[PDB]
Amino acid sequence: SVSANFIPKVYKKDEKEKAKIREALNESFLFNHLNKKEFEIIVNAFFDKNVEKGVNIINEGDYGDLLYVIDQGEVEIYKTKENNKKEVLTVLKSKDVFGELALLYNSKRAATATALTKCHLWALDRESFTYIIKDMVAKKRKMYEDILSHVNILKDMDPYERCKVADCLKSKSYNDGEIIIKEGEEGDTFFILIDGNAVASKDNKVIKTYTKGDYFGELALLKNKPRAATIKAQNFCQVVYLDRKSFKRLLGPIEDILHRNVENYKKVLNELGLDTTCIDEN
């Protein structure tokens, strides 16, 4: 049932279902950037769609009118290449979002989405998405998409996965002399330097210099220890950063690289006669 410029629609939902939608959208950085008021407009504008196992919810190539959030069930996303060689991009489950690209970029569906089980989906129409959400998401991606493709650790990531990093980024600048990370302090944040110069030290010995595209502050996140080193700006630095939960959601596909760079730290620390127990885990 529908309850009564752009005027949002309100589709009748129990508070129990509304709480599930809020959970899913607060997890998604496509959405959790909205104020309380606008957020609730979006929650109310979702309607539902039930789909049998085996149904292609979306076909690679179609025009795009809705995005979807999974309530229950599992959805495989794939591309069909070559000699009908199915190429599975990913498997999506409860709370996952898909179908945003057509609404974001007015483009043919980039892949096929197939229900692997029966699915209950919540659907958001193009109109609600474009009025409420599109502009700010598109501009944040425009601001960072290119920068991120030149960050060396992110270069081995799918472009689709990388645009998601843009969605959850926060921005901050530091002045000459300002301290970004202090040795011994508790921290929960992963950093990329996007402009300027900074320097890392431990027990007042210099252990690394940083320039544009470098990252730091991952060690406290990979190890659950206090910051292992002090990092200081040397000019007008601009950084972007991720919180711990975004870091472990997004930079899973590059754990292996991060851990490898961690053992170069080890060689530096052993050379300078510094503490190497900050590398091991506790």
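For every residue, the number given is its place in the sequence shown, counted from 1.
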{"property": "Residue 4-residue 5 interval: deposited residues absent from the model", "result": "10 or more"}
{"property": "Entry-level comparison of average CA B-factors, 17 to 25 and 269 to 277, reporting the higher stretch", "result": "269 to 277"}
{"property": "237 to 245 versus 251 to 259 - greater average Cα B-factor per the deposited record", "result": "251 to 259"}
{"property": "Criterion, highest CA B-factor; candidates, 190, 131, 160, 122", "result": "131"}
{"property": "Candidate residues 227, 49, 232, 36, the one whose C-alpha B factor the record puts highest", "result": "36"}
{"property": "Within-chain third of residue 88 by Cα B-factor, per the entry", "result": "highest"}
{"property": "Residue 99 - Cα temperature factor, lowest/middle/highest third of chain", "result": "lowest"}
{"property": "Relative C-alpha B-factor of residue 115, binned into the chain's lowest, middle or highest third", "result": "middle"}
{"property": "Third of the chain, ranked by Cα B-factor, where residue 208 sits", "result": "lowest"}
{"property": "Record-listed C-alpha B factor of residue 218: chain third", "result": "lowest"}
